[PDB]
Amino acid sequence: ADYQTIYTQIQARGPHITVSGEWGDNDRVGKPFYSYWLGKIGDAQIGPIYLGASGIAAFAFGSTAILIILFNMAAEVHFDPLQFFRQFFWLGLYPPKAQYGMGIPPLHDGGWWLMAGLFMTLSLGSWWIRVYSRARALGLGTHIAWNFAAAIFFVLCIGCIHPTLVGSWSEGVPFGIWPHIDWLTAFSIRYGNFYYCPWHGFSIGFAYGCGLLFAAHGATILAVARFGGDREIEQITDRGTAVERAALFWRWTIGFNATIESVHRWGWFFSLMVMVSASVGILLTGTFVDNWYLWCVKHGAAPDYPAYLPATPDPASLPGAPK
Amino acid sequence: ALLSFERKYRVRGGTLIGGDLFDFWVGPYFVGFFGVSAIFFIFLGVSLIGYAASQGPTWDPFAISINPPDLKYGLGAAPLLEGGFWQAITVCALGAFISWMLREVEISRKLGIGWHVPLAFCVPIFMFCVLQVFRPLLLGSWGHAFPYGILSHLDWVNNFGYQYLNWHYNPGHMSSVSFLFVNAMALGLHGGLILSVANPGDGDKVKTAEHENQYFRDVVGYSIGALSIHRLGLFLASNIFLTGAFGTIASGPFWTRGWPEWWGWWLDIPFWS
Amino acid sequence: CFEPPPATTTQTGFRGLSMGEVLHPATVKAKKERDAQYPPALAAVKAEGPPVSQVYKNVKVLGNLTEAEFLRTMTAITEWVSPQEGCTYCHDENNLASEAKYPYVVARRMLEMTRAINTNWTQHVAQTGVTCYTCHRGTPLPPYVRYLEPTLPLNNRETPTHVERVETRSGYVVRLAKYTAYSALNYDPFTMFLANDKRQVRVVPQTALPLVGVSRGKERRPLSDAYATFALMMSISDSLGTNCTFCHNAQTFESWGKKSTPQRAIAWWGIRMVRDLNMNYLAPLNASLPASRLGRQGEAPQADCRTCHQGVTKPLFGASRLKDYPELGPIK
Amino acid sequence: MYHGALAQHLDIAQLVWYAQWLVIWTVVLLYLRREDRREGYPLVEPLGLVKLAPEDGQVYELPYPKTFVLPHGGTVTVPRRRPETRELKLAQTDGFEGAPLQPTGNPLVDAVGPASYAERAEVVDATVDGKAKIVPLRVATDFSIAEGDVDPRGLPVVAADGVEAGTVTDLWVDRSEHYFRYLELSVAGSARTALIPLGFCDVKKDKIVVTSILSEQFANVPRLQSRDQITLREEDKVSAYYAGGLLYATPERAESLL
Ligand code: BCB
Ligand code: BCB
Ligand code: BCB
Ligand SMILES: C/C=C1/c2cc3[nH]c4c(c3C)C(=O)[C@H](C(=O)OC)c4c3nc(cc4[nH]c(cc(n2)[C@@H]1C)c(C(C)=O)c4C)[C@@H](C)[C@@H]3CCC(=O)OC/C=C(\C)CCC[C@H](C)CCC[C@H](C)CCCC(C)C
Ligand SMILES: C/C=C1/c2cc3[nH]c4c(c3C)C(=O)[C@H](C(=O)OC)c4c3nc(cc4[nH]c(cc(n2)[C@@H]1C)c(C(C)=O)c4C)[C@@H](C)[C@@H]3CCC(=O)OC/C=C(\C)CCC[C@H](C)CCC[C@H](C)CCCC(C)C
Ligand SMILES: CC(C)=CCC/C(C)=C/CC/C(C)=C/CC/C(C)=C/CC/C(C)=C/CC/C(C)=C/CC/C(C)=C/CC1=C(C)C(=O)c2ccccc2C1=O
Ligand code: HEC
Ligand code: HEC
Ligand code: HEC
Ligand code: HEC
Ligand SMILES: CC(C)=CCC/C(C)=C/C=C/C(C)=C/C=C/C(C)=C/C=C/C=C(C)\C=C\C=C(/C)CC/C=C(\C)CCCC(C)C
Ligand SMILES: COC1=C(OC)C(=O)C(CC=C(C)C)=C(C)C1=O
Ligand SMILES: CCCCCCCCCCCC[N+](C)(C)[O-]
Ligand SMILES: CCCCCCCCCCCC[N+](C)(C)[O-]
Ligand SMILES: [Fe+3]
């Protein structure tokens, strides 16, 4: 085998490297340190990290968001430290349980939720800036930032935007380990089975496709590691055997092929798409589609099956059956 | 018909079995024995689907569904229209997937590169076997497998989940979902990063390996490295199924209550009860 | 941590939809055997004599029965409800017609109720029927009952830990999860759903599109509702020791017809029925009970699916004494 | 009255269903598909005599030229006409347009099949600094082997024949990514030195095993031109050399495994 593809046989150590940006070179804190174990499967340098405004801001809003969550959770167990560690997964900060429509809800029934939500959005936004700006500073393109915005957007979608359209904060996503999860079910239940939402279907394809592609792209790269397949950049400006080989491998299997640059594009696009497709489907739910399954049946695509146990009529819809 | 640079790589050899026999190309496609068996299975499998579906009530691609047998039938061969087709379809499926795979190996030996791709491809095959071969064997009927229908397969996923009350609490599902998500993200960063460096915009200079690395240190304080992010992305995508398998496989054979209740092992420790 | 194979599976849906039950064989055998403790029917007695209405003093309900038959009941009642206590539980050693002891009046209402479940609620109980035993299990206090707050342990025959006590503010979440199969759903389907005829279970729209007039703003139902019904379902499921697919085809939880099993329809009635017993029978007993019996808000203990079912699709695995004690329903 | 209802049998979700599809196909087909054709296109096969002429379908499939402005000067335009000039020591084994080719010489030396290189630029790959990226330790004095790993300097290289083929003399580091990329060894009973990509070496405490080729074959490894620096084409040469032996080191390599 090419053991290099599994872990690094002989680790190198050398002077630390610093590429300067139009700004903030003075905002890089830390004394870079090395880890030998990590060094086997990745670069061994941990650090330093750059601070700056946007970042520090992000830490700021974020943390606020957090105390808010933790505190309410903490209350959820009448401040018992031990039951706290214990029930953690079960604790959460909920959206308004009552219907207030769009009204800023009482602190107790959802008020603290919308605050958390706010600081988290502020926190996401600042971090976005960091991502975009550090790219700009080092003379790189905005691509990562543009994928990231798509993810921010989905989060916003399911947090503010969808609740804003239908007019009920009661639909946002609670905060907590199990709670954010039960939301999924409650959301799907209410809207008629998310499996029937075509955009859930689009998202899934992209997500699975994501899986398929990183697996294939990764593997393809290790498989040409020997020809320096890993130095992707120079393989673009100056095609080499590595990519030539990697191209024909895919050409001969599937009939077609990408380039070393284009594959990253298909990867980036797929990624972005997972999030874009999701936003569409959420924006369409409730606003224009009440029941996904029925909308599917409305339009003829749902499958149907025979009865196994006998067909069972809705007791309610019978004569003089109670309410 | 050949890429600018293809010609030179097109030499005989690397066959796994077969030799010079099928060692050739048709179009851009390399053939090989497994290319010959891949086609065979496909052909059979797609004809099985056509015939089976031709005996069902609908042609709407969405609604058509070819189903496994009733539990009653155990692990035995079932009536044709009542599960049989499903069985035979399953076999062709595996026939095709496996040839596909081996084929990829010969393509790789010819090119002189690593076997990582077919290798990586085993992961999805293995999962198909978990859902369709191993779990039902474990449960004792082929009737626990999933149906072949564009939407109807989602109906199996659904009910399957719901049989365990809240599938989301299945711990191998959590790990599974979690790799699904990281990997989708890593893909975006990996690809955005590459493109950010080779496509800065305007007429600025293409960047360097060094810039890729300052970017992430600056951001998250740490950069994995060019070769290592390919090794990692291979690892995250794979673990989507490697870890999931466990969750799937435990559902029924190793566990029968609702998944949430599984967490009692934590919640119910006597110390803090 | 894990239960081991094999596993008994059953099919409740068309081939390939993955619908059915998943049971651990031992779990079932333990329940099978605990439920087996149902005492056999007392030997038949022949009806000789005058109706006890002539014969005894204060006999309101079973006044059609002869002495022999009546006594038989009393004995059966004794065995099902308060066997360790004996007749003295409800009776005055000397005045067998004395209403002094609360268990007597209760037992009296109980007879009426019982006789109602068996007569009115056939839609749910069929030719099976309920007897005192069903709920009581040989104890005056049924082991599976509910207050207006989540109580724990589930089985009142167990002794609670510090934290489980309804007084300990922090164990609330645990107490709640235990009611809803370990879920983090923030609701109590009993108070919301089962004590009242107040709230509606159903939450899914019956049209593909959002009908104008009910889809916007405060005109809407909160999403809470959805979590609530989910939670209720987890409780029902866990109470019958089953899974959603015992009842619905997850393709569309909301549909009936071939999407639902005959069981769904039965549980439908079960809802009503428990609403009845609750509102009209079990709750009004707070007037006749000792404070020892009441809950934190002066409520009587009431029933849920679990009360009768005790974790089994059919309570007592389908055992019946119906034919054996006609005194308890059904009535002409 | 429903929300989303458009006509009597049309809803906005339907229209969005098609727009989505259309958006997907547009990007995939007209964008991504053309981008994948930036290298290697246009395809190859015969010309007529006067047949210089453009081939309709060949223009449509390619994207517009992209110019890369390089870090240390120059530019690159893609896609662009890049024919393979070099004569290939190979012969067609049959009539089929898709039959394989066969080496007519020593494929390792002739650089055909797995032993092929790309016509990479005859330039040293640089660091961001403008210095050479991949150099021997001998020169990259600032670099070292990490505490605990093998210091392969001085060990023998053992070929697939199981025979000592030479002794490791140095290592080549990538100054740009801090990663070792080649071992330099001195060849037995010869004048030269060769490099061998780390992926081909199995580093052990007492030997370095290289199964790719046979001892006898180390002698033909492509020779570098400056002794302390390597051009990009050279990397391809060297790397392909050893890959080639995976198929060609022995007469049985090229055959069926079973
Ligand atoms: C454990 C859960 C499972 C699951 C859960 C699942 C969900 C929940 C969803 C899908 C969806 C889909 N799945 Mg299912 N699935 C599918 C195929 C599909 C596609 C119809 C669609 C999108 C797939 C995608 O893009 O992935 C990535 C691959 C890419 C991006 C390359 C293109 C692949 C091409 C789409 C596959 C086409 C298959 C064919 C139409 C039918 C076979 C070909 C004919 C000639 C025989 C196959 C091929 C198989 C197997 C194993 O053989 C499988 C197994 C399973 N899926 C499991 C049973 N799948 C989605 C959908 O829209 O369903 C209707 C969706 O929402
Ligand atoms: C019973 C419920 C069901 C359900 C309900 C459901 C809902 C309700 C939603 C999905 C969605 C999705 N589901 Mg579906 N689902 C999926 C797959 C998917 C995803 C492809 C897609 C979600 C997009 C996503 O990544 O969100 C994950 C990505 C996120 C959340 C990005 C966040 C980015 C952010 C910047 C990160 C912020 C980090 C900060 C550090 C946070 C700090 C916090 C502090 C400050 C407070 C599969 C594979 C299956 C299978 C195998 O069957 C399935 C089954 C089901 N889903 C059931 C049918 N699903 C979504 C969708 O597409 O809807 C159409 C959606 O909304
Ligand atoms: C209500 C029911 C639910 C459920 C039930 C469920 C089940 C029952 C299972 C999963 C599984 C999975 N779920 Mg989950 N799920 C997931 C995500 C996931 C995936 C990580 C995971 C793996 C999918 C799989 O195994 O397919 C397998 C895909 C295969 C096998 C692909 C085979 C491809 C083949 C190798 C090649 C085929 C080629 C084509 C035939 C030919 C086409 C060629 C043409 C194009 C030329 C998410 C992200 C969500 C969200 C956001 O809520 C969710 C919600 C839910 N899931 C619900 C709670 N989920 C599985 C898992 O691991 O659970 C632990 C699982 O067993
Ligand atoms: C489809 C494509 C996808 C996609 C894409 C992308 N995803 C990105 C990017 C792109 C491209 C970025 O560029 C960006 C980034 O930077 O990448 C490194 C990023 C990110 N994706 C994260 C999480 C994530 N992505 C998910 C999913 C997908 N992502 C989807 C699938 C999920 C899921 C599934 O749940 C998760 C959880 C974060 C790591 C990260 C920044 C978060 C942030 O904004 O941080 C905000 C920062 C904070 C809140 C700081 C908190 C510090 C703590 C609280 C300190 C506690 C102690 C307290 C302070 C004590 C004080 C004491 C006092 C005395 C002093
Ligand atoms: C964790 C890593 C993952 C992973 C990995 C990799 N994945 C790869 C490779 C790697 C690395 C390959 O090298 C190989 C390939 O070439 O890539 C181009 C491949 C491939 N990934 C495909 C589909 C794909 N991957 C999925 C998932 C993951 N992939 C996970 C995420 C999913 C999901 C999630 O649903 C799908 C559907 C095919 C495109 C493709 C070859 C198909 C084939 O075999 O060709 C040969 C077979 C045919 C062309 C048709 C045979 C038709 C049968 C007989 C008749 C129908 C049978 C079937 C029962 C119908 C049921 C349908 C019903 C549910 C609707
Ligand atoms: C005589 C006779 C009958 C001959 C027949 C011979 C024969 C076997 C024919 C087979 C015909 C068959 C069955 C064709 C089916 C082909 C199939 C399965 C096609 C699936 C196509 C799909 C959906 C792929 C999904 C993944 C995807 C979106 C890929 C697009 C992007 C690409 C091309 C990725 C591949 C890829 C990756 C991963 C790289 O890393 C890489 C790195 C550097 C350069 C190129 C590449 C590269 O192309
Ligand atoms: C509470 C669960 C009871 C137990 C234990 C026993 N009996 Fe009872 N008894 C009970 C009630 C509610 C009534 C009223 C019946 C009605 O139809 O209204 C009765 C009645 C009697 C009587 C009639 C006395 C009289 O009215 O003249 C007798 C003689 C009697 N019960 C006997 C009896 C015996 C022997 C018990 C142990 C075997 C026994 N009872 C237990 C309620 C309860
Ligand atoms: C479930 C539907 C029940 C059936 C069937 C019967 N009873 Fe019951 N009973 C039930 C509850 C929920 C309670 C209240 C809680 C409490 O412990 O009181 C009761 C109570 C009684 C009592 C009072 C015991 C006590 O409070 O100390 C008696 C004597 C009693 N029930 C008698 C009884 C008889 C005779 C029944 C068959 C005719 C009968 N019950 C059925 C619930 C259920
Ligand atoms: C039978 C014993 C059931 C099992 C097991 C589960 N459910 Fe159920 N469900 C059942 C009934 C009788 C009803 C109707 C209640 C009424 O008052 O009319 C329901 C309803 C639902 C609904 C929503 C119904 C609607 O909006 O039309 C949902 C969403 C639902 N049930 C979900 C569900 C789940 C997730 C279950 C497993 C935990 C579950 N049900 C089990 C009866 C039965
Ligand atoms: C005692 C007073 C009961 C309560 C409370 C509930 N149920 Fe019940 N149930 C009861 C009996 C005696 C029977 C048996 C019917 C038979 O033929 O033996 C049942 C049965 C069911 C079933 C039928 C299951 C089957 O295999 O067909 C279901 C689905 C059911 N019950 C559901 C159910 C639910 C949801 C309840 C709470 C709302 C509930 N039951 C309460 C007696 C009693
Ligand atoms: C500005 C206008 C006027 C109003 C805007 C209103 C607005 C923007 C609202 C936005 C709402 C939004 C975006 C809501 C989104 C909800 C979402 C996406 C929820 C998802 C939650 C997911 C999960 C898993 C949350 C988990 C939370 C936790 C487990 C917190 C844990 C915190 C810890 C452990 C802190 C530990 C600190 C220590 C020092 C140890
Ligand atoms: C060549 O591509 C890439 C890298 O190589 C240097 C990275 O290190 C990283 C950094 C990854 C992490 C987890 C810090 C990314 C994202 C990447 O795309
Ligand atoms: C993931 C499930 C996806 C199912 C999506 C089905 C979309 C059907 C749309 C049909 C539109 C009707 N039509 C053709 C007249 O426009
Ligand atoms: C969510 C599923 C959407 C995935 C879109 C799939 C794109 C695959 C495109 C294959 C390209 C075919 N080709 C060669 C003819 O262009
Ligand atoms: Fe890459």
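Looking at the entry header, you'll see X-ray crystallography listed as the method and 2.3 Å as the resolution.

The name the PDB entry assigns to chain D is PHOTOSYNTHETIC REACTION CENTER, from the organism Blastochloris viridis. Checking UniProt for chain D, the heading Subunit contains the comment "Heterotrimer composed of subunits L, M, and H." For the record of chain D, the UniProt heading Subcellular location holds the text "Cellular chromatophore membrane".

As named in the PDB entry, chain C is PHOTOSYNTHETIC REACTION CENTER, taken from Blastochloris viridis. Annotation of chain C in UniProt includes, under Function, the sentence "The reaction center of purple bacteria contains a tightly bound cytochrome molecule which re-reduces the photo oxidized primary electron donor." In UniProt, chain C has this text filed under Subunit: "Component of the photosynthetic reaction center composed of protein subunits L (PufL), M (PufM), H (PuhA) and cytochrome C (PufC)."

Enquirer: Even after reading the chapter, I still don't get the UniProt feature "binding site: heme 1" in chain C, so can you show me in this structure?
Expert: Residue and element names in this part refer to chain C. Mapped onto this structure's residue numbering, the UniProt feature "binding site: heme 1" falls at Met 74, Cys 87, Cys 90 and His 91. A maximum C-alpha distance of 10.9 Å places the annotated residues, which cover 18 residues in sequence, within one compact spot. Looking at the secondary structure, you find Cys 90 in the loop between helix 3 (67–81) and helix 4 (102–119). Apart from the residues within four sequence positions on either side, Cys 90 is in contact with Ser 98, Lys 101, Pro 103 and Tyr 104. Residue position: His 91 is located in the loop between helix 3 and helix 4. Relative accessible area serves as the criterion here: at 14%, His 91 is assigned to the buried category. With residues near it in sequence (within four places) discarded, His 91 still touches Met 74, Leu 96, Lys 101 and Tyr 104.

Enquirer: Would you take a moment to explain the pairing of strand 3 (residues 66–69) of chain D for this structure?
Expert: Every other side chain in a regular strand lies on the same face of the sheet, so the side chains alternate between the two faces. Residue and element names in this part refer to chain D. Along strand 3, the buried face is formed by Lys 66 and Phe 68; none of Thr 67 and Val 69, which line the opposite face, is buried. Relative to strand 4 (residues 75–78), strand 3 is paired through four bridges, and the arrangement is antiparallel. The partner of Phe 68 across the bridge, within strand 4, is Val 76. If you look at the hairpin formed by strand 3 and strand 4, you'll find five residues sitting between the two strands, and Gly 73 has a positive phi there, around 90 degrees.

Enquirer: Where do I start with the side chain of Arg 264 of chain C in this structure?
Expert: Along the polypeptide, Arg 264 of chain C turns up in helix 10 (residues 262–282). It is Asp 314 of chain A that comes nearest to the buried, bridge-free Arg 264 of chain C among opposite-charge side chains, at 7.0 Å. Among the polar contacts made by the side chain of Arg 264 of chain C, one reaches the main-chain carbonyl oxygen of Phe 253 of chain C at a distance of 2.8 Å. Contact partners of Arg 264 of chain C, with chain neighbours within four places excluded, come to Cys 247, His 248, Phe 253, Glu 254, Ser 255 and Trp 256 of chain C.

Enquirer: Which parts of the structure should I look at to understand the domain arrangement of chain C?
Expert: How big an interface is tends to be expressed through the accessible area that disappears when the partners come together. All names here are of chain C. Here chain C is described as being made up of domain 1 (24–142 + 314–332) and domain 2 (143–205 + 221–313). In this structure, domain 1 and domain 2 have C-alpha centres spaced 25 Å apart. Between domain 1 and domain 2, the residue contacts involve 28 residues of the former and 29 residues of the latter. The junction of domain 1 with domain 2 conceals about 2600 Å² of combined surface from both sides, 66% of it contributed by carbon and sulfur atoms.

Enquirer: Please explain the site of ligand 4 as it appears in this structure.
Expert: Taken together, 17 residues are adjacent to ligand 4, and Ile 66, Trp 127, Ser 271 and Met 275 of chain A together with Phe 181 of chain B come closest. This site is not confined to one chain, since residues near ligand 4 come from chains A and B. Here an oxygen atom of ligand 4 and a side-chain polar atom of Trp 127 of chain A are 2.7 Å apart. Within the complex, 55% of the 1300 Å² of free accessible area of ligand 4 lies under protein. A breakdown of the residues in the shell around ligand 4 according to their chemical character gives 12 nonpolar, five polar and no charged.

Enquirer: How should the packing of aromatic side chains be read in this particular structure?
Expert: Between two aromatic rings, the relevant description is the distance of the centres plus the angle of the planes. Summed over all chains, the structure comprises 63 aromatic pairs over all chains. Over the face of the ring belonging to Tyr 187 of chain C we find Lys 97 of chain A, whose NZ or CZ atom lies 4.4 Å from the ring centre. Here the basic side chain of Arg 134 of chain A rests over the ring of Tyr 50 of chain A, its NZ or CZ set 4.0 Å away from the ring centre.

Enquirer: I keep staring at the pattern of salt bridges and nothing clicks. Help me out?
Expert: Pairing is possible between side chains of opposite charge, provided their charged atoms come close. Summed over all chains, the structure comprises 55 salt bridges over all chains. Here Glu 235 of chain D makes a salt bridge to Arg 231 of chain A, at a shortest N to O gap of 2.6 Å. Here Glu 235 of chain D is found in helix 4 (residues 232–248), whereas its partner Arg 231 of chain A is found in the loop between helix 6 (198–223) and helix 7 (232–237) on a different chain. For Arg 231 of chain A, a relative accessible area of 8% gives the class buried. Salt bridges here are not isolated pairs; linked through shared partners, they connect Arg 231 and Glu 234 of chain A together with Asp 125, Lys 133 and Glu 235 of chain D.

Enquirer: Which parts of the structure should I look at to understand the domain arrangement of chain D?
Expert: Residues and elements named next belong to chain D. What the domain assignment reports for chain D is domain 1 (2–119) and domain 2 (120–258). Computed from C-alpha atoms alone, the centre-to-centre distance between domain 1 and domain 2 is 33 Å. Between domain 1 and domain 2, the residue contacts involve 12 residues of the former and 19 residues of the latter. Overall, the association of domain 1 and domain 2 removes approximately 1200 Å² of surface from exposure, summing both partners, and the carbon and sulfur fraction of that is 70%. Remark: the boundary between domain 1 and domain 2 carries one salt bridge. Among the salt bridges present, the one from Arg 233 reaches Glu 119, with a minimum N-O distance of 2.9 Å. Inspection of the region where domain 1 meets domain 2 yields four residue pairs in polar contact. Per-class residue counts for the side of domain 1 that touches domain 2 are nine nonpolar, two polar and one charged.

Definitions and cut-offs
Residues numbered from 1 in each chain as written, not as in the entry; some residues may be left out. Chains lettered and ligands numbered in written order. Heavy atoms only, no water. UniProt positions renumbered as here; feature names shortened; annotations may be inferred. Helix = DSSP H or I, 4+ residues; strand = E, 2+ residues; numbered from the N terminus. Contact = heavy atoms within 4.5 Å. Buried < 20%, exposed > 50% of the residue type's maximum accessible area, 1.4 Å probe, protein only. Pairing = 2+ DSSP bridges. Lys, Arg positive; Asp, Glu negative; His and termini not counted. Salt bridge = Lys/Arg side-chain N within 4 Å of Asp/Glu carboxyl O. Polar contact = N/O pair within 3.5 Å; in protein donor to acceptor, adjacent residues only side chain to side chain. Domains from an automatic or database assignment. Buried area = accessible area lost by both parts, 1.4 Å probe. Near = heavy atom within 4 Å. Areas by Shrake-Rupley, 256 points an atom, 1.4 Å probe, with all protein chains shown as cover. Nonpolar A, V, L, I, M, F, W, Y, C, P; charged D, E, K, R; others polar. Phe/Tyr/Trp six-rings, centres within 6.5 Å; stacked < 30°, edge-to-face > 60°. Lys NZ or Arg CZ within 6 Å of the ring centre and 35° of its normal.

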